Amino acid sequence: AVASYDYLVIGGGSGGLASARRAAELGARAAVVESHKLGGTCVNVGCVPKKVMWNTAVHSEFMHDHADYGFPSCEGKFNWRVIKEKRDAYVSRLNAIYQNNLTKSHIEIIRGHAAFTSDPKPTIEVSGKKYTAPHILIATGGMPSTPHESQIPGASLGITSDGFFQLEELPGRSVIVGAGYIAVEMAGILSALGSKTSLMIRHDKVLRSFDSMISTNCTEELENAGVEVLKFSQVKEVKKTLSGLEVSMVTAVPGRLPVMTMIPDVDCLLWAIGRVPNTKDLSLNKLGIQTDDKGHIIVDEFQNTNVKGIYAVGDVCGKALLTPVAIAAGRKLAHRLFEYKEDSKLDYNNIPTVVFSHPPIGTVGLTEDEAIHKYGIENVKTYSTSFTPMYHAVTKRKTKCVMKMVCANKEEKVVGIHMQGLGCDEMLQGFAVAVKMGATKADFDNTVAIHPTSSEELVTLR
């Protein structure tokens, strides 16, 4: 027997939840399949617990300033277990909320692991029961990458971001491998909270896909906060020792000779080297659904797979791996399918990003170099500033704020905004709305500043 629905969603994370909820608002008879915990990566091992830990780190960093602001110093050690328990309770509250959001919307929850069957009409099986719909969304997300043993013997002795959220104590000594935003965020949290932390990167700077100003500044800020940035460095082997692990590293700086270094007494080795899509056990081959060589589901601009009636959104597709992107793509898809809006799709240009470094980073649009490639060097003008926020006027510890505006053509259309500094996490959203609207530099300069803030610096560049 086969149960039929209007909409079957595989995965109860950001993209699947949002798409199912919007489809149900439009009248669809929907079901969500979930093998683990509702909320997916965002709620359980991603956005939310990361942010709680960032808030904890931020608090610690600021308290380094308590005597400078007139208070007796706070000479106190952090207790990781206290915040771990509170973080876990919050996650549990969210799991309950998202379950209720589906129930209240009359969306069926199917608990178990879905795979496709060979039925020519697309059908899935979950725990030996079959389900079909004219519309099936694959929203199964991804998972952290780990090196293979054949490449890096002992790599399984390391953990990933998933294991980070299972830690019950602060590691004394941490080595984070990677140079992307997850690596940066994890290193900054562990160091702020008192771990002796190193960040191992393949080149000279972190965040190399970001604007050059951000890549440079973020690297410098990491070092100024006490993160040891191990440049031009790669892990060759990991061994268990009486104390933690020993990491064998090769460093090969341009202009120097390669050198092997052992890093002893490592408590936490964290691989933050990429993400792999969760498609291996879906039985995609039974329907000929197209993937790349990494396992990502291939889609068009409307989130269609190569198979009629099958769609994919979110991290499983490998493009713009953010919660709001999964959500927006899922909602736009629901309006296309169930409101019949044939042009409903997500625009992947001008998606804003925040990285929860110390201080945070915000970016939207094109890097300076991307704009030069697109528009021509003679047709791009940048404006930038660097300053110390007035929060630090009275402190011995310092952080900087850097801002860059990238403008194109005679009208100076704002095609990119890039910044790092106190407040940049909350500052970016509104600027992203202006950029999406096609703001020019004149539109910024025509807006009266708010004083005293960091944000006014973006409307007073000259």
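Quick note: we count residues from 1 along the sequence shown, nothing fancier. Here, rigid core means the biggest group of C-alpha atoms that superpose within 1.5 Å across both forms.
Taking 75-83 and 321-329 in turn, the stretch whose Cα atoms are more displaced from the shown form in 9 other deposited structures of this protein following rigid core superposition is 75-83. Taken in 9 other deposited structures of this protein and fitted on the core, 252-260 and 190-198 differ in how far their Cα atoms move from the shown form, and the one that moves more is 252-260. According to the PDB record, 236-244 carries the higher mean C-alpha B-factor of the two stretches 294-302 and 236-244. When the mean C-alpha temperature factors of 162-170 and 280-288 are read from the deposited coordinates, 280-288 comes out higher. The entry assigns its greatest Cα B factor, within the set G314, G255, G180, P359, to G255. Within the group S105, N95, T140, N217, the record's highest C-alpha temperature factor is found at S105. When all modelled residues of the chain are sorted by CA temperature factor, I263 is found within the highest third. Remark: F387 belongs to the middle third of its chain, ranked by C-alpha B-factor as recorded. Split the chain's modelled residues into thirds by C-alpha temperature factor. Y375 is in the highest one. Sorting the modelled residues of the chain by their CA temperature factor places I273 in the middle third. Ranked by Cα temperature factor within the chain, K345 sits in the lowest third according to the deposited record.
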